[PDB]
Every structure is written in structure tokens, then in C-alpha cells.
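First comes the structure, then the notes that go with it.
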There are 2 protein chains.
Amino acid sequence: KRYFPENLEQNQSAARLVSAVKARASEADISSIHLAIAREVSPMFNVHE
Amino acid sequence: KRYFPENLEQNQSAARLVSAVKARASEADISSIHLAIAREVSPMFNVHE
């Protein structure tokens, strides 16, 4: 992973932002990413939420 | 080695710059330095990159 610049992850001022980023970022499922790509051209029948 | 002023290498604010300097600076090969000196007068046949 490389969500942060060097040093910043361990920086004390930054802790709030890193808890935010780590909360948003997830483990990379290749499945959900290929899926996210294919959904971009796939016809939509059921409505996405 | 003396890339940094006293104290600064251990200073916390400085860490970014010291990681930069330590990334650039290498162990001193006397060979490559004599070489760098001689290349300054040596005719160039093959083109340097």
C-alpha cells in the first residue's frame, strides 16, 4: 500500500487524516475492481445504489 | 561522512530532507571518482548517458 508520503503516517499532527484514509481505503479485491470496470459498459437493468 | 550539521540528522522536522540526502549520496568509490575526473579530459567516442 502507499496511501501516505514517507513519515506522514507516523506523524502525530496527521493522525486524524490517517484514521480517515485508513477508514476509507480497503483491501484490494481484484474481483470488485474488474467488476467496477465492467459495470462501466454493462447495460443496467436493476438500478444501482 | 558529514552530509549534515550536528544535531540535524537526528532532528524530527528534518527527516524528509535527510531521507532525500541519504537516498542521493552513495558510498565513495574512489574508482568512480578518479573516473569522473579523467572523463573530463578524455575524448568521447561513445555518447554518455
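Labeling convention for the C-alpha cells: chains A, B, ... as they appear, residues from 1 per chain, ligands from 1 in order of appearance.
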
Counting only C-alpha atoms, which residues of chain A sit at most 10 Å from some atom of range 1-23 of chain B, and what is each one's closest atom pair with its distance in Å to one decimal, listed by chain and rising residue number, as JSON lines?
```
{"residue": "A:5", "atom": "CA", "partner": "B:16", "partner_atom": "CA", "distance": 9.8}
{"residue": "A:6", "atom": "CA", "partner": "B:16", "partner_atom": "CA", "distance": 7.6}
{"residue": "A:7", "atom": "CA", "partner": "B:16", "partner_atom": "CA", "distance": 7.4}
{"residue": "A:8", "atom": "CA", "partner": "B:16", "partner_atom": "CA", "distance": 9.7}
{"residue": "A:11", "atom": "CA", "partner": "B:12", "partner_atom": "CA", "distance": 9.8}
```

All alpha helix (DSSP H) positions in range 1-45 of chain B, as a list in words: residues 15, 16, 17, 18, 19, 20, 21, 22, 23, 24, 30, 31, 32, 33, 34, 35, 36, 37 and 38 of chain B

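Taking CA of residue 25 in chain B and CA of residue 45 in chain B as endpoints, the distance between them is 28.8 Å.
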
Å distance separating CA of residue 36 in chain A from CA of residue 48 in chain A, one decimal place: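 It comes out at 12.0 Å.
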